[PDB]
């Protein structure tokens, strides 16, 4: 299959590329791949473990190898021998110039960038470039996945975001104020009939306009925002207090990281998207709102080793308060990268099975799953299992 990655030179993106190729060359295990679990036996009939890559970027380096090595230098999150073995393949992946339209002040932290809007192009002309890039790459086994820096919350508009006609009016009128990069890539993917997933908390396809578009075009889509670490634990663990009829009175979630993701989320406007997505899961699972605090702070020496500190304050029998702590110490690109490969395969599977619109049953992958109040990790896993069985 083929995967077009928005933010193709990022660490999540390059590590998926490194991993896919290491696994194909037979020099890496299949650990981390949800699509490789026993329940999904037979997926390879529809989506074999076979990947060609391209994508859009605003940080233009020569190729995906140079991009992968920049992240490897700082993080060393896989062996030098894996880097070397996949060098050839990754040198042939060259990203195209994308758009950073309305992606917030945090984009400044990426350093030297070049964008379509910087060239003076209108919305219609930007869409045409994005579509031409994708369609020149795409086949009938192609998916588009957004793994680009997290945008701020969009300037929402009922007219421009509430219907497909309103959104196409937005493009026609060149109303840039209401367009964000993530919307434009999602729009392009679906207009081309390509399945789409948004691994970030940027709006992407999660506006009514684009949900209408995906349905009309009969195209499957999924999102939003990869559930990889702290939020994974929160949605696995919060149900335990509910099952035991305990009241959660407080939940603290504090996250420190560096690298480009920590750099972008250092900006208050970009951060808000990620923070709300991490925070809001609690009420959906419990039925009520514990006092919750969720923060992300830049902490440069950790690079992509995002570390989370959580504290849960809870009541039990007779009103007695009790306390639970956790620390997650993990590399973000290592828990994220396989989910990109899994999302791509499950979208391809969904496409071939005639699935259209939001694939709500892929909620398991996401912190803010579209079209569903199923948040509990256990419930989401059962939904994913049962969905695949129903269509297999």
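Positions refer to the first chain, counted from 1.
- Mean CA B-factor, 329-337 versus 57-65: the higher value falls on 57-65.
- In this entry, 264-272 has the higher mean Cα B-factor, the comparison being between 264-272 and 315-323.
- Based on the entry's C-alpha B-factors, the most elevated value among 252, 237, 110, 144 belongs to 110.
- Set against one another, the Cα B-factors of 308, 285, 303, 188 in the record reach their highest point at 285.
- When the CA B factors of the chain's modelled residues are split into thirds, the value for residue 70 lands in the middle one.
- Residue 391 sits in the highest third of its chain by CA B factor, as recorded in the PDB entry.
- Among the modelled residues of the chain, residue 36 sits in the middle third by CA temperature factor in this PDB entry.
- In the deposited entry, the Cα temperature factor of residue 241 sits in the bottom third of values across the chain's modelled residues.
- Among all modelled residues in this chain, the alpha-carbon of residue 367 has a temperature factor (C-alpha) in the lowest third.
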